[PDB]
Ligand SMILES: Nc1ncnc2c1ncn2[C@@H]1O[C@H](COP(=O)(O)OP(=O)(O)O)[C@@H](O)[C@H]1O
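A lone chain, given as structure tokens: the form deposited without this ligand.
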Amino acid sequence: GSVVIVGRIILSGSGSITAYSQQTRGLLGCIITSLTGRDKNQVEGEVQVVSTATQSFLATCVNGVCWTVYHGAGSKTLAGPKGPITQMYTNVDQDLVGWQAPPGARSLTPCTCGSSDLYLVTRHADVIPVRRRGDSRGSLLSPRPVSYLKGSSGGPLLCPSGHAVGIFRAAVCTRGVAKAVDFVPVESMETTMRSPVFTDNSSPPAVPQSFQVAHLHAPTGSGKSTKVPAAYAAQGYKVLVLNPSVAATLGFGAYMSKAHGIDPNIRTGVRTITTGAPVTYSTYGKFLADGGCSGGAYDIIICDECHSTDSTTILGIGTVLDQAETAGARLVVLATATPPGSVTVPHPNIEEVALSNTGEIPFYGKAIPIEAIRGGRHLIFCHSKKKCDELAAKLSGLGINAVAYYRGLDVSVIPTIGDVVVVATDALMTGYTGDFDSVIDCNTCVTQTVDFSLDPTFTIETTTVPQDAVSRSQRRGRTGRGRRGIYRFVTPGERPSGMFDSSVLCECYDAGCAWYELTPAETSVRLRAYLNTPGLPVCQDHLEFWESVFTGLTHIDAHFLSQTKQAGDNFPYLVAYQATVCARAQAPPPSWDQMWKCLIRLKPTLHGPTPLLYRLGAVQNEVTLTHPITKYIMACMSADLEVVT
């Protein structure tokens, strides 16, 4: 749908800055106008109240452009007098997007006075005194609970003359109290306007004289991971190709031999092949296990699927960006078909068809007609292992050759020949190469998020959410490959691509400690390189916070760590560390859930309240907050934590 203007904040003419708001659209009008992208309302003022399906925030007009945050608006069109207006500017790096200001909209003029006395206008038309501190930061004269600032992103910071200094994007909090604000300065809007809206990164970058990082944006099947490195190799270059998937990485061996007559080296956890060829395929995980960049080994490093936001890819790419030049490379290529900000466009091979309530097989509130999947080879994406098992058991009950696939299972359970309805989670994508006659997509994803809940410390929460544009493109892309495909779906939308949660940063530190023998300080250097690099997925900068937390987690019980590592579940280090503190305190775990199985051996001996460090799931036992590590982590919580409102 489109972003919709549903009100405005009117600013005063002069003398003491004041504001009041007007609501011009209800809920029904917002939903309708969002669906059609056609809004015939007349626009007034320089600050608009805008809304999506589920969220409401602000947009500020400067220099004929209506500006807001990428994290709120994504890549969405704005509903306009003659239909949806396509974004004219999209700067994920700066968390900034802009549409051509509709007629009737007035702009603020960029500030030039250099005043540091600023005034933030909130979505409730409050005018809040702010003292400028940096190019992008200002302190609140009166700290306020972060909830006071909710929905105010996109709102203007004004100088005393009423000129635009920037737009609000996030609150800097101390234990949930906003003491400062982070904003996108006007200078950043200027820079965005005068960058060329069309940068072509569709051709393989040329190897430069001195080190550069370049982007390669090319459609799936265009040969980013095969044709491109083989071309480079032909020119005499040594090339390393990094990819998140073991199945994909192995697959490159055979394909390169027959397609380009190169027998590349192959590096994965499960299998290493050294031929001495000038092209090497590695997973990010194996690259990290190997210690990163070996000096002099490569001229070119291609980070394939560089849009991926799993911790391994992020930490691996950060390692490349920090180490490549010193290891002698001249070119780092960040390769993807779907860079941040990208949206899913129609595909000629793929017919897209909404599911209805007609059909014999219930599926996420809708239904799948049996004739749609009886005969042929089909893939159905579910959000969870349980739903896969269920659906597969049911389809099997109707004599449908159905198999469930997900993490844990071996790919051999999928027959590479003959009819079959595969019911899988996203684990399919990294574990199995191959396409289908149709894809049916629940359009949701299970994701992890951090909450700085202070009860006592933080919580890592798992929730089911609407899929983003990368998820949609990749699930859909399992059909229509050199064949006419069909894509069936529950919902038509897609969340904005190219952002990830702070919890993923937590995962990186965890992996560094657990698998890769990285001190938290070293993990930070790598993640800092990632964060400093334009054109990649973006995340709140909580590096100093997470580093501080892991830095305090000393003398882990090597035995428990071995067990969580082997067991293969999330946060092996944090889980092993809580188990360690428990055992040394001679106390029980937060629960006897499976997450804590490494403790069973001690079950009869462990008693009293849990010295809880943080929340990684439900806590059923009683809790004590007396442990020194709990107190240390609680102390870490007082750090500036920038969060979106």
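Each form is matched to the other, and the largest set of C-alpha atoms that superpose within 1.5 Å is called the rigid core. The first residue of the sequence shown is number 1, and the count goes up from there.
One more form of this protein should be noted, the form solved in complex with this ligand, which is absent from this view; the next part is about it.
- Counting ligand atoms within 2.4 Å of backbone or C-beta atoms, the overlay of this ligand from its pose in the deposited bound form onto the shown chain yields zero, and the pocket is open.
- Screening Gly162, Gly223, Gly328, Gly151 for any heavy atom within 4.5 Å of this ligand in the deposited bound form leaves a single hit, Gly223.
- Taking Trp515, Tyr255, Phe363, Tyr237 one by one, only a single residue has any non-hydrogen atom within 4.5 Å of this ligand in the deposited bound form, and it is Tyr255.
- Annotated contact segment (heavy atom within 4.5 Å of this ligand in the deposited bound form): 214-222, selected among 181-189, 371-379, 214-222, 314-322.
- The closest heavy atom approach of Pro129 to this ligand in the deposited bound form falls outside 4.5 Å.
- Remark: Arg481 counts among the residues lining this ligand in the deposited bound form, judged by a heavy atom distance of 4.5 Å or less.
- Using a 4.5 angstroms threshold between heavy atoms, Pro534 stays clear of this ligand in the deposited bound form.
- Residue contact check for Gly251: one or more of its heavy atoms lie within 4.5 Å of this ligand in the deposited bound form.
- Just a single entry of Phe545, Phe436, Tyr530, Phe560 exceeds or equals a 2 Å CA shift between this form and the one not shown, which is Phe436 (rigid core superposed).
- With the core held fixed, the Cα of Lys366 is displaced between this form and the one not shown by 2 Å or more.
- For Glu352, a C-alpha deviation of 2 angstroms or more is recorded between this form and the one not shown after rigid-core alignment.
- Relative to the superposed rigid core, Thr479 undergoes a CA displacement of at least 2 Å between this form and the one not shown.
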